[PDB]
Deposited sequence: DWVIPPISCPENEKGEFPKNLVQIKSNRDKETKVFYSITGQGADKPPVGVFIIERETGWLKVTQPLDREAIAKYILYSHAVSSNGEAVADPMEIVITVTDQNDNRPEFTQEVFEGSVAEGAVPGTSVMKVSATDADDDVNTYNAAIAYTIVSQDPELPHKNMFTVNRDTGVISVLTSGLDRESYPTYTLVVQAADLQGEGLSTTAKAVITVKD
């Protein structure tokens, strides 16, 4: 045989089917087997019997299947396999089509009112379904969007953009005055420059 590495981007558009590669091996008839061919999901990839042109029949979702393993078969017209089945690996390449997702809707934390600026309070966390191995499409930066109340100061807390750890930023926390803060926290991919989602951190001020 001879089998090149094969790639298809997810979320393609336009006319289908789309040509991938021509598989070459008495007239020969080409077949593919495997999950994605004759097994679920059935018919995502096909091959032309006579030409050996391997094709994709629909847009792909990498977050469903990121890698397909198929086998090509070559059968003469008289009915004999003229070659061993050849392993074909198709790599589905990533597009940034998933926003980060916070693991909780409302994270809860507490802080001692006398805690010095720079004191760690709590941690927020988010996942991103996109390709964190080969891309930055899942590279999350955390930021604080808003603080309620805006008292005594507007920015009482800060979040570490890599780790999602929230710390005391400035002085002035006081249980008697404002016992609770609701922060809107954001997670944004492409290292903060990309798609984003929000959630809340509720911080209660202790003695």
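- Gaps without C-alpha coordinates occur at 1, 27-31, with positions taken along the deposited sequence from 1.
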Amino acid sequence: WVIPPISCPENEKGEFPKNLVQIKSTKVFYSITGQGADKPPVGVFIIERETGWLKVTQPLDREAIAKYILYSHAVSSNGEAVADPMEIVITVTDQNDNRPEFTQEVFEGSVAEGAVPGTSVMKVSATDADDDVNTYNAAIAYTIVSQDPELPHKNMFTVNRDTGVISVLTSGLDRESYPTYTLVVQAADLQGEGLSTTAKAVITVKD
From here on, numbers count along this sequence of modelled residues.
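- In the deposited entry, the Cα temperature factor of residue 195 places it in the lowest third of its chain's modelled residues.
- Residue 155: CA B factor lies in the highest third for its chain, per the PDB record.
- Annotation for residue 19: CA B-factor lies in the lowest third of the chain's modelled residues.
- Placement of the Cα temperature factor of residue 71 within the chain: lowest third of the modelled residues, per the deposited record.
- Per-chain ranking of the deposited C-alpha B factor places residue 118 in the lowest third.
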